[PDB]
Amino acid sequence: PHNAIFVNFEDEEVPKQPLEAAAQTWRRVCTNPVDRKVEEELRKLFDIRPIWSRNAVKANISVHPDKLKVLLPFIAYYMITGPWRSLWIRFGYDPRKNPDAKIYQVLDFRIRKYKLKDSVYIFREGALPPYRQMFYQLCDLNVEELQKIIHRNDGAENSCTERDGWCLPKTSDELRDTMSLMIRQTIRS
């Protein structure tokens, strides 16, 4: 598609290098020095945080979308199934072999110049998700209770499953109910 590798949760190995088509496409698109600058910036940010969401990345650098859709498959690979679905992972990083990746797992919450804001990917007591269906990452839930629910099983993550990953079972529903309660609390205030 965009010269990206799509990894399933049941795939044995994860890619350790991009595709040569993606490398040549980036070589073609990289025209101004600002492109090299933003490439280095994205590389450093994926070095600090190995797993990223597109909206979270857009909230950290101001890049042109047509440049980002080419740069991302060159730096990271895309997850299709599993606890880290719809997330970009640095080449050579396997979340199914790192318990710390628990803090990078995804959570789908449905209600019932180029840089973006913080509310597009960060949850806080007193704010309101800007969209009807969001894909948060467990590290960006800046609440003490949600983080306690997340780290309840720290140091003894047992096995990595598809429904919950390194987290304890039925954790996602617990976080979802807590965020709904906090949303109603913020609405009342």
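Residues carry their position along the shown sequence, with the first being 1.
Stretches 28 to 36 and 119 to 127 differ in mean CA B factor, with 119 to 127 having the higher one. With 152 to 160 and 48 to 56 compared on mean CA B-factor from the PDB entry, the stretch scoring higher is 152 to 160. The residue among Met134, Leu68, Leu42, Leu138 whose C-alpha carries the highest B-factor in the deposited model is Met134. Ranked against the other modelled residues of its chain, the C-alpha B-factor of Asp173 as given in the entry falls in the highest third. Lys113: CA B factor lies in the highest third for its chain, per the PDB record. Ranked within its chain, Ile183 lands in the highest third, by CA B factor from the PDB record. Among the modelled residues of its chain, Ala22 has a C-alpha B-factor that falls in the middle third according to the deposited record.
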